[PDB]
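The chain below stands alone and is given in structure tokens; this is the form deposited in one PDB entry.
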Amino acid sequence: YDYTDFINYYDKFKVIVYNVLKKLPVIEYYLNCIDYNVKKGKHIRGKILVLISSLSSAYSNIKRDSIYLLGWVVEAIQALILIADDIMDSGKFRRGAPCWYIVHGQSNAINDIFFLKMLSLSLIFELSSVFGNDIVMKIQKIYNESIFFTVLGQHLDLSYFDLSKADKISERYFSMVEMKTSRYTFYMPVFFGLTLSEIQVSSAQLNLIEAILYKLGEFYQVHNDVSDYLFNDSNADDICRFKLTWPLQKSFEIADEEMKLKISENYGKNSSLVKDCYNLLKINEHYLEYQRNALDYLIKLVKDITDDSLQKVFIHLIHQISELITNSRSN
């Protein structure tokens, strides 16, 4: 898909950030800050905004530029969340490049989160002249609910669980995942798209596709979690960082009372032994039947969308995310 000239609007997006910086060295700093954190990447979430904006809306106005801007606002929102995540999680690299807090220091990274946010806020606020109040208003409500949940989701990510009390530690996983990841990644860009378009209207037909974004997000984080276990070797990984994650969630689900003991002990000092078990528990295997069932259930759900115009972009959506996750390091 393209998505071109969504990417190419970056140029025009930079100029709008540049002209907002009439306050009146710092411009150069923050222009580079957005180049480092917003320019880099696949831009999946800003891409979800254009897709949904696509069949849903009918060619009338030059809101298209405005839709692209908002597609870059979502990218700055994603970026600022990740610069904040890499600090807490002692991240080393992201998007093939050292984390912003490493190149620029922690104090500047914290302040820079504040920059992107207010930038985000300001570019939104100035979409009133294009879609008017109602649209902007409905867009700002989505924004608030999205990040609010991500923060609480992130809080749960920081809040240590009770490994011994693993009766519904899985219930704590998915809930957390819905909070921290699922919302901003999927709910936010889509609902931002649904608004700009003003699709007409299937409101009662909104929970279904809501259940779609909940699984898309679950699926996204679940695979994120396995990759770390599968390819990260360090003392600043999920296990060495004592984090509630899909492999540990499942392990406690599949393991005898003798292996869950070996994991509770070494979590998390020796990540070595924790993974040893994951292999004898064949977690990797279990994620594959997940990945498998994840796909078709989304198709099940997709096949039920009534609009038949909303189902088109949601057909691309399911594809785009699954291709992201299955066309990885395969071997």
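Only residues modelled in both forms are compared. Rigid core here is just the name for the largest C-alpha set that superposes within 1.5 Å across the two forms. Counting begins at 1, following the sequence as shown.
Not on display, but discussed next: the form deposited in another entry.
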Problem set entry | Displaced position between the shown form and the other one, chosen from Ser175, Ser234, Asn111, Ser128 (C-alpha, 2 Å or more, rigid core) | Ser234
Exercise. With the core lined up, does the C-alpha of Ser60 move 2 Å or more between the shown form and the other one?
Worked result: yes
Problem set entry | Core superposition between the shown form and the other one, C-alpha change of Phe93 at least 2 Å | no
Exercise. Does the distance between the two CA positions of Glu258 reach 2 Å or more between the shown form and the other one, the core being superposed?
Worked result: no
Seminar exercise, completed: A change of 3 Å or more separates this form from the other: in that other deposited form, the C-alpha atoms of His43 and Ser60 are closer
For this session: Just say closer or farther for the C-alpha distance from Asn284 to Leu163 in that other deposited form, relative to the shown form; it changes by 3 Å or more.
Result: farther
For this session: For a shift of 2 angstroms or more at every C-alpha, which runs of three or more consecutive residues qualify between the shown form and the other one, with the core superposed?
Result: 58-61, 160-163, 234-236
